[PDB]
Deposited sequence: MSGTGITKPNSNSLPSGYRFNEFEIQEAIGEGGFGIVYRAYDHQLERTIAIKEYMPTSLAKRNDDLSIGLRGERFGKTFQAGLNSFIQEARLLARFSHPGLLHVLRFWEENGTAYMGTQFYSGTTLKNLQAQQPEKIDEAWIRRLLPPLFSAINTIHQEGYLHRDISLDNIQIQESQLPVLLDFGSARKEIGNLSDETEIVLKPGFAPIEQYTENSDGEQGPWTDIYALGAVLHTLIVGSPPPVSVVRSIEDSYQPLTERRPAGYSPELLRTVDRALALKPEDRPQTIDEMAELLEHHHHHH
């Protein structure tokens, strides 16, 4: 682990535990001693570019990585600014942003629970149609709020949807820094998410781009894995509609909603979140 230790201080903030560590940042449970509340802190930390120094600042692993490191940092800042536009229960709420230690930090609201990816791995028996139909209204609302302000998410999968103990979802992360680093470094494999990214993301984008990825999330919850990579589908579509697979315990109405979200071409999908939600009605 490259994480700051428990007890580390940023003025009034104290690190309590590193609770998430990926290749591009570290998430900490932390405590604000001024406001006496638990928060999360997200630290930009691209491990392929940078390492932890003895004084716990961040330094480049090689001088050739400086431009890509700074571009990732700039994208991290821009993502914090985008999230700072919203005050919505289903979108990560940005409290704090600052630069220190050669990197950058976002202080955010602390959310209970775990990611949808971890819930699906640990308690797949909890995920049934009734649970999915309770998940969708707040998840729809969160995505639609992004869309209504003129933005797209473009990185939806199970990994960046938090499921709180209340079961309410939170969108945590748009992958901006990761995706910028991948584009600049020709590490294409960290830019799009195979099976979740629709065809128009591989090089025309709009709400239907996020709707496809949400369809792919739902497909993963229902049958356990995402649909085929969209570029492979565009050559020869081996996607088997869920209405034909008929997984046990799932209604044609929900299965058809997933299939429509996963329509290969953008124009054949629901065009807005509201359109997709309307598909779940009439039953």
Can you list the gaps, in order, where the deposited sequence has no modelled residues? 1 to 10, 214 to 218, 299 to 302
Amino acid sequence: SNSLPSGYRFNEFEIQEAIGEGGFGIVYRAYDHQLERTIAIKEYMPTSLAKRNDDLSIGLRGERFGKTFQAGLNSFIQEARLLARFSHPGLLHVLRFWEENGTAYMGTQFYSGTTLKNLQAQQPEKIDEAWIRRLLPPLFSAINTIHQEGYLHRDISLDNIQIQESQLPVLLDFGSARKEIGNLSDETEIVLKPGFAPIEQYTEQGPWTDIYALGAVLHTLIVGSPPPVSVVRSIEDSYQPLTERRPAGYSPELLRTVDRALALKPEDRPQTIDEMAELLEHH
From here on, numbers count along this sequence of modelled residues.
Select between 25 to 33 and 249 to 257 the stretch whose C-alpha atoms have the higher average B-factor in the entry. 249 to 257
So, looking at the entry's B-factor column for Cα atoms, which has the higher mean, 120 to 128 or 94 to 102? 120 to 128
Which has the highest CA B-factor per the PDB entry: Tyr202, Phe174, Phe140, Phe76? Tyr202
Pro207, C-alpha B-factor rank within chain (lowest, middle or highest third): middle
Assert third(CA B-factor, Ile15) within chain per record equals lowest
State the tercile, meaning the lowest, middle or highest third, of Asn160 with respect to the CA B-factors recorded for its chain. middle
Could you say whether, by C-alpha temperature factor, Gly195 belongs to the lowest, middle or highest third of its chain? middle
In terms of the chain's CA B-factor thirds, is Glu149 lowest, middle or highest? highest
